[PDB]
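Engineer: Below is the structure I would like to discuss, written out as structure tokens.
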Amino acid sequence: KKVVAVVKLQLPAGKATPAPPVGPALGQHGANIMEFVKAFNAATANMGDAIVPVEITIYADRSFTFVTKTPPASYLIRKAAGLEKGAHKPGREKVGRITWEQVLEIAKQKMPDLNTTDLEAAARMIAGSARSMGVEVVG
Amino acid sequence: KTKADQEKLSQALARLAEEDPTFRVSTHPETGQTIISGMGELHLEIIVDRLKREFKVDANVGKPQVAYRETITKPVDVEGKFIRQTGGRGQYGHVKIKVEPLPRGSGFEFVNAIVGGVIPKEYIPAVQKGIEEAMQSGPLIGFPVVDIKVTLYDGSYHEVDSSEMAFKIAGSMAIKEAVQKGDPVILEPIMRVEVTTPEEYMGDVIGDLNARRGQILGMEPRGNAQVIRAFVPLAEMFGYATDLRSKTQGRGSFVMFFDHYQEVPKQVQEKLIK
Amino acid sequence: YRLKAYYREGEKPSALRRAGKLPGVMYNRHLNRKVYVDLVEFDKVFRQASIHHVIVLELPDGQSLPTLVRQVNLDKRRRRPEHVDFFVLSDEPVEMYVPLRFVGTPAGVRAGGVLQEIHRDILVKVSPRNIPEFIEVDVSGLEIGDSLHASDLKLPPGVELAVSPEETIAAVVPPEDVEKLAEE
Amino acid sequence: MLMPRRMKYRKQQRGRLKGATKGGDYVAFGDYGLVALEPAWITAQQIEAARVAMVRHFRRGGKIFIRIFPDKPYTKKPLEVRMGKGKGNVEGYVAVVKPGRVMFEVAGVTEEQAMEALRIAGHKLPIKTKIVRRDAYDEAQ
Amino acid sequence: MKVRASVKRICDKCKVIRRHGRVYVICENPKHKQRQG
RNA sequence: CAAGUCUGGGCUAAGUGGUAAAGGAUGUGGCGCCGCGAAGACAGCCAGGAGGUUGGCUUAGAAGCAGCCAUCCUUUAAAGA
Ligand SMILES: [Zn+2]
């Protein structure tokens with residue numbers, strides 16, 4: 001008969017174990033801690049990896065809910081350069097790259113999250129994450 | 001104490017081990033000294049009164065020793081000569097080897113690297129039993145020089161003087177020196193431990209373990225509790241019960257297993273020269 | 001630049017220091033008159049100005065000549081400019097020291113080491129007409145190793161270096177590295 | 001340590017320290033420097049002790065210039081021995097430092113670090129010192 | 001860091017007091033609690 | 001203990017004076033330069049102090065907050081990778 005919730009957990013892709021923080025915060029949820037490793041890995045059976053943020057909200061009759069955001073802006077950028085890891089030491093060492101368009105294509109994939117309602121601004125948030133992992137922008 | 005008491009003690013458990021099979025007696029398979037298995041400080045403690053009183057035995061009560069190991073860093077190659085020609089049982093044996101360190105947990109590997117046969121067929125067995133042997137007392141403190149690969153790639157001989165034995169020495173010389181030369185390193189024992197603790201105490205639990213020459217490995221939750229795995233040196237791991245039960249007011253429990261051996265922080269190198 | 005200066009009759013060049021003013025003297029192949037200027041305003045100008053940019057001096061005789069501090073003698077025990085030497089420029093080409101400007105990060109800038117301003121001032125010559133300034137030096141293709149010198153640089157519309165060339169203008173050297181010991 | 005490699009005379013007289021400096025009272029190399037306020041005899045060790053902690057403080061830093069160089073034989077008779085019997089044997093060396101003399105100077109480092117490494121150096125030295133920048137150290141040939 | 005000859009600021013929260021001709025130095029961490037002597 | 005508790009201006013508050021150094025210090029007076037200045041400053045109160053993003057590498061885990069680097073973007077009145 002526990003109280004209510006707007007839980008803002010942060011679970012990756014695939015790893016869906018009732019183990020905390022899916023226990024102490026979702027113990028007052030009555031949450032189907034297993035109707036996620038199916039509802040999730042079904043939509044993310046496509047991707048494969050990349051963490052997927054989530055907000056699980058509980059109510060009265062002891063039922064739950066949860067909507068997920070997009071995968072780290074550092075993800076789509078790793079596949080779009082034949083990368084896995086950043087570059088250890090960003091800036092000086094380039095291990096892959098993205099064009100002036102490939103950055104403007106990604107800013108589309110996550111434009112309904114950031115804050116700006118453009119791409120000359122949005123894309124810069126991407127072009128910024130370029131030197132964050134040592135991945136120069138093809139220009 | 002003197003071999004005298006070493007007996008009063010035998011009888012000690014010969015009756016105390018029936019009056020309480022909640023313990024275990026063991027003679028350290030590597031260094032005489034015997035261990036006294038308990039179930040908490042007090043336990044062994046109060047035995048120490050009766051076993052010392054109602055048995056009048058008066059021995060020592062310090063802590064166990066650690067099964068160290070010797071080995072090297074750099075690969076070396078030295079001569080193994082012996083020859084003693086004066087007039088008869090000539091005694092003529094001589095060999096050259098290739099000593100090379102192996103990963104901490106490799107073992108013992110020799111190499112019958114003799115071309116045509118400059119070193120007769122019949123003498124190799126013995127030149128090995130010699131190398132194998134010598135590896136007993138380390139070059140540093142005297143412990144099982146292990147984790148290496150040996151290569152016999154040369155050595156001559158004499159038609160009459162050589163002997164199965166003469167070679168066992170020569171080879172026991174080539175080794176008795178390659179380790180001295182390849183910069184030795186006092187390896188030690190690392191354990192696997194798993195403290196079951198309520199993440200309430202956990203915080204310090206991990207700390208304390210860090211400040212124990214140990215390096216943490218993880219904590220995959222269990223029941224209402226949470227488990228911690230990691231490695232540690234048996235030296236800096238003694239009387240852990242009454243330390244774990246400290247950072248946990250009782251709600252703490254652990255296990256322990258062996259794993260591998262690994263170099264001592266140098267500062268602990270000249271330390272052990274005892 | 002400017003600077004209020006006055007003539008000195010020649011009386012107690014040390015009573016002026018205590019006074020508060022700095023005894024001087026300017027000259028050239030024609031005239032040399034003993035002078036003196038206040039410190040405040042000489043620190044405040046020489047501190048910057050130096051001997052690269054001319055200083056127009058204003059004397060009680062309306063005149064306001066252009067000169068370069070050819071020399072500033074010190075007080076070693078506590079440095080306190082104690083007497084200058086103003087060279088009154090003309091029209092005739094004369095020698096001075098033009099500042100060098102290191103515009104460009106070398107390779108020792110990622111690798112390591114340090115740019116060494118082995119000589120951030122060169123002796124060139126030119127009519128006081130052409131008053132050059134920071135003579136840009138190119139750096140980048142330099143890595144803890146060799147260096148550059150001679151007179152490999154943008155010599156403005158009339159500058160004609162009066163050094164060698166050959167004098168090692170600047171070089172990059174190995175950083176000091178804590179963990180380094182040679183004694184033993 | 002540091003010291004002469006060869007020498008015409010193994011032993012030399014004391015002499016006396018006066019004012020002035022004779023020279024090296026201006027920068028010429030680095031960007032920041034340390035100068036002597038009181039006259040004295042800096043031992044090689046004193047120097048080394050500094051130069052070191054100097055570098056120590058900023059591991060992997062720019063270049064340090066020791067602008068002074070010991071070369072005056074430091075004498076000393078054995079312990080528990082009376083006067084006479086000639087002179088004494090050498091102990092170490094010292095560089096005769098006077099006020100206004102630039103002892104060291106660093107080049108290529110953040111002011112914050114330069115002003116610090118020097119501050120420490122000054123502590124290893126037996127005399128009071130000042131940290132100068134580079135203003136009027138122009139032309140001193 | 002109580003009694004000593006070189007009393008200084010060991011972290012901004014320190015304060016150089018001087019009650020009774022003696023330079024004291026107080027802070028939030030009783031460790032910095034100094035005093036010259 | 002013989003002759004000014006002499007006159008004008010200034011500093012010192014420890015009996016310093018009435019004998020010690022490096023090195024400490026919002027001591028106390030006094031000169032300075034250089035910044036912010038009522039188109040609202042200093043202390044100040046109530047406020048906000050975010051989103052890309054747990055930056056990337058490393059690691060048991062590093063999410064502003066071990067440590068390497070890197071330090072761009074954003075919506076703004078403003079918020080540092
Ligand atoms: Zn403090």
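Going through the structure tokens in order, the chains are called A, B, and so on, while each chain numbers its residues from 1 and the ligands are numbered from 1 in the order shown.
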Taking only C-alpha atoms into account and nothing else, which residues of chain A lie no more than 12 Å away from chain C? Please answer as a PyMOL selection string.

Structural biologist: chain A and resi 89+91-93

Engineer: From a backbone DSSP assignment, name each residue in region 1-78 of chain C labelled strand (DSSP E or B), as number ranges by chain.

Structural biologist: C: 4-7, 21-23, 26-27, 33, 35-38, 55-58, 64-73

Engineer: For chain C, list the residues within 8 Å of chain D, counting only C-alpha atoms, and write the list as JSON, numbers by chain.

Structural biologist: {"C": [46, 47, 48, 50, 51, 71, 72, 76, 77, 78, 79, 113, 114, 115, 116, 117, 118, 173, 174, 175, 176, 177, 178, 179]}

Engineer: Counting only C-alpha atoms (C1' of nucleotides) and all ligand atoms, name the residues that have an atom within 12 Å of an atom of ligand 1; the answer should be given as a ChimeraX atom specification.

Structural biologist: /E:1,7-16,25-34

Engineer: Store the residues picked out above, limited to C-alpha atoms, as a PDB file, in the first residue's frame.

Structural biologist:
ATOM      1  CA  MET E   1      48.259  22.435  13.936  1.00  0.00           C
ATOM      2  CA  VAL E   7      50.509  30.184  11.462  1.00  0.00           C
ATOM      3  CA  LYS E   8      48.702  30.549   8.125  1.00  0.00           C
ATOM      4  CA  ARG E   9      45.439  29.916   6.293  1.00  0.00           C
ATOM      5  CA  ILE E  10      44.965  26.180   5.708  1.00  0.00           C
ATOM      6  CA  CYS E  11      41.636  26.539   3.815  1.00  0.00           C
ATOM      7  CA  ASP E  12      39.458  29.581   3.081  1.00  0.00           C
ATOM      8  CA  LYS E  13      37.113  28.845   5.992  1.00  0.00           C
ATOM      9  CA  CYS E  14      40.059  29.754   8.241  1.00  0.00           C
ATOM     10  CA  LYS E  15      40.112  33.115   9.939  1.00  0.00           C
ATOM     11  CA  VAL E  16      43.082  35.050  11.292  1.00  0.00           C
ATOM     12  CA  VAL E  25      43.653  31.173  13.542  1.00  0.00           C
ATOM     13  CA  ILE E  26      40.254  29.499  13.652  1.00  0.00           C
ATOM     14  CA  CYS E  27      38.188  27.385  11.252  1.00  0.00           C
ATOM     15  CA  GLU E  28      35.380  24.846  10.952  1.00  0.00           C
ATOM     16  CA  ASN E  29      37.714  21.848  11.194  1.00  0.00           C
ATOM     17  CA  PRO E  30      39.174  21.775  14.735  1.00  0.00           C
ATOM     18  CA  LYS E  31      42.381  20.702  13.085  1.00  0.00           C
ATOM     19  CA  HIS E  32      43.165  24.154  11.650  1.00  0.00           C
ATOM     20  CA  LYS E  33      42.628  25.627  15.104  1.00  0.00           C
ATOM     21  CA  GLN E  34      46.063  27.154  15.485  1.00  0.00           C
TER      22      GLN E  34
END

Engineer: If you count only C-alpha atoms (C1' of nucleotides), which residues fall within 12 Å of residue 34 (chain B), apart from same-chain ones fewer than 3 positions away, as a ChimeraX atom specification?

Structural biologist: /B:6,9-10,13,24-31,37,59-65

Engineer: Could you pull the residues within 12 Å of region 87-89 of chain B, counting only C-alpha atoms (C1' of nucleotides), minus those fewer than 2 positions along the same chain, as number ranges by chain?

Structural biologist: B: 83-85, 91-93, 158-163, 165-166

Engineer: For the contact check between chain B and chain A, emit one row per residue of chain B within 12 Å, containing the shortest atom pair and the distance in Å rounded to one decimal, counting only C-alpha atoms, chain then rising number order, as a Markdown table.

Structural biologist:
| residue | atom | partner | partner_atom | distance |
| --- | --- | --- | --- | --- |
| B:199 | CA | A:20 | CA | 11.6 |
| B:219 | CA | A:19 | CA | 11.6 |
| B:220 | CA | A:19 | CA | 8.6 |
| B:221 | CA | A:19 | CA | 7.0 |
| B:222 | CA | A:19 | CA | 8.7 |
| B:223 | CA | A:19 | CA | 9.7 |
| B:224 | CA | A:23 | CA | 10.2 |
| B:225 | CA | A:19 | CA | 11.3 |
| B:226 | CA | A:19 | CA | 10.5 |

Engineer: Report as a tab-separated table: every residue of chain C with an atom at most 12 Å from chain F, its closest pair of atoms, and their distance in Å to one decimal, counting only C-alpha atoms (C1' of nucleotides), with rows sorted by chain and ascending residue number.

Structural biologist:
residue	atom	partner	partner_atom	distance
C:40	CA	F:33	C1'	9.5
C:41	CA	F:33	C1'	11.6
C:43	CA	F:33	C1'	11.4
C:44	CA	F:33	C1'	10.0
C:110	CA	F:69	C1'	11.9

Engineer: Export, as a PDB file, in the first residue's frame, the selected residues with N, CA and C atoms.

Structural biologist:
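Wrote it out as out-v1.pdb, contents follow:
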ATOM      1  N   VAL C  40      57.873  58.344 -11.888  1.00  0.00           N
ATOM      2  CA  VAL C  40      56.497  57.908 -12.092  1.00  0.00           C
ATOM      3  C   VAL C  40      56.181  57.778 -13.566  1.00  0.00           C
ATOM      4  N   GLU C  41      56.240  58.914 -14.244  1.00  0.00           N
ATOM      5  CA  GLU C  41      55.960  59.002 -15.661  1.00  0.00           C
ATOM      6  C   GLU C  41      57.012  58.319 -16.520  1.00  0.00           C
ATOM      7  N   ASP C  43      58.556  55.441 -15.308  1.00  0.00           N
ATOM      8  CA  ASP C  43      58.322  54.037 -15.084  1.00  0.00           C
ATOM      9  C   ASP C  43      57.142  53.789 -16.014  1.00  0.00           C
ATOM     10  N   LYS C  44      56.031  54.472 -15.740  1.00  0.00           N
ATOM     11  CA  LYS C  44      54.798  54.342 -16.528  1.00  0.00           C
ATOM     12  C   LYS C  44      54.951  54.320 -18.062  1.00  0.00           C
ATOM     13  N   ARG C 110      52.580  19.905 -27.510  1.00  0.00           N
ATOM     14  CA  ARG C 110      51.794  18.687 -27.632  1.00  0.00           C
ATOM     15  C   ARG C 110      52.810  17.626 -27.266  1.00  0.00           C
TER      16      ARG C 110
END

Engineer: Find the spatial neighbours of region 65-75 of chain F, counting only C-alpha atoms (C1' of nucleotides), within a cut-off of 8 Å - ignore same-chain residues fewer than 2 positions away - and output them as a ChimeraX atom specification.

Structural biologist: /A:88-91,114-116,121-122,124-129,131-132 /F:51-52,57-58,62,81

Engineer: Using only C-alpha atoms (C1' of nucleotides), which protein or nucleic acid residues come within 9 Å of residue 66 (chain D)? Drop anything in the same chain fewer than 4 positions from it, and give the result as a PyMOL selection string.

Structural biologist: chain D and resi 47+51+102-106

Engineer: May I have the selected residues written with N, CA, C and O atoms, as a short mmCIF file (atom, residue, chain, number, x, y, z; two decimals), in the first residue's frame?

Structural biologist:
data_model
loop_
_atom_site.label_atom_id
_atom_site.label_comp_id
_atom_site.auth_asym_id
_atom_site.auth_seq_id
_atom_site.Cartn_x
_atom_site.Cartn_y
_atom_site.Cartn_z
N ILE D 47 72.37 25.27 -3.53
CA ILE D 47 71.92 25.43 -4.91
C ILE D 47 71.14 24.20 -5.29
O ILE D 47 69.92 24.27 -5.46
N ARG D 51 67.42 23.99 -6.88
CA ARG D 51 67.21 23.56 -8.26
C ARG D 51 66.30 22.37 -8.29
O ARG D 51 65.39 22.30 -9.11
N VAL D 102 71.05 37.84 -9.94
CA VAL D 102 70.00 36.92 -10.36
C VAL D 102 70.56 35.52 -10.17
O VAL D 102 71.42 35.08 -10.94
N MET D 103 70.07 34.83 -9.15
CA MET D 103 70.52 33.48 -8.86
C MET D 103 69.88 32.45 -9.83
O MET D 103 70.60 31.68 -10.46
N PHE D 104 68.56 32.43 -9.96
CA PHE D 104 67.94 31.52 -10.92
C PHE D 104 66.81 32.22 -11.62
O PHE D 104 66.40 33.32 -11.25
N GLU D 105 66.29 31.54 -12.62
CA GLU D 105 65.17 32.08 -13.34
C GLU D 105 64.57 30.98 -14.17
O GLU D 105 65.27 30.14 -14.73
N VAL D 106 63.25 30.98 -14.20
CA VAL D 106 62.48 30.00 -14.93
C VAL D 106 61.92 30.58 -16.21
O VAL D 106 61.67 31.78 -16.31
#

Engineer: Select from region 46-78 of chain D everything DSSP, run on the backbone, classes as alpha helix (DSSP H), then give the selection as a PyMOL selection string.

Structural biologist: chain D and resi 46-57

Engineer: For chain F, which residues have at least one atom within 10 Å of chain B, if we go by only C-alpha atoms (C1' of nucleotides)? Write them as a PyMOL selection string, please.

Structural biologist: chain F and resi 59-61

Engineer: Pull N, CA and C atoms (P, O5', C5', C4', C3', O3' and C1' of nucleotides) from the residues just selected and write them as a PDB file, in the first residue's frame.

Structural biologist:
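out-v8.pdb was written with the following content:
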ATOM      1  P     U F  59      40.518  -0.283 -17.626  1.00  0.00           P
ATOM      2  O5'   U F  59      39.948   0.025 -16.171  1.00  0.00           O
ATOM      3  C5'   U F  59      40.817   0.117 -15.021  1.00  0.00           C
ATOM      4  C4'   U F  59      39.999   0.414 -13.785  1.00  0.00           C
ATOM      5  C3'   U F  59      38.870  -0.576 -13.520  1.00  0.00           C
ATOM      6  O3'   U F  59      39.298  -1.714 -12.775  1.00  0.00           O
ATOM      7  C1'   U F  59      38.007   1.628 -13.478  1.00  0.00           C
ATOM      8  P     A F  60      38.858  -3.190 -13.255  1.00  0.00           P
ATOM      9  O5'   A F  60      37.370  -3.352 -12.715  1.00  0.00           O
ATOM     10  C5'   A F  60      37.125  -3.417 -11.313  1.00  0.00           C
ATOM     11  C4'   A F  60      35.654  -3.268 -11.016  1.00  0.00           C
ATOM     12  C3'   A F  60      34.996  -2.019 -11.602  1.00  0.00           C
ATOM     13  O3'   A F  60      34.270  -2.386 -12.791  1.00  0.00           O
ATOM     14  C1'   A F  60      34.781  -2.026  -9.233  1.00  0.00           C
ATOM     15  P     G F  61      33.967  -1.295 -13.941  1.00  0.00           P
ATOM     16  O5'   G F  61      33.234  -0.096 -13.189  1.00  0.00           O
ATOM     17  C5'   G F  61      31.813  -0.119 -12.959  1.00  0.00           C
ATOM     18  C4'   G F  61      31.399   1.044 -12.085  1.00  0.00           C
ATOM     19  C3'   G F  61      31.726   2.437 -12.609  1.00  0.00           C
ATOM     20  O3'   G F  61      30.727   2.934 -13.494  1.00  0.00           O
ATOM     21  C1'   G F  61      32.409   2.258 -10.348  1.00  0.00           C
TER      22        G F  61
END
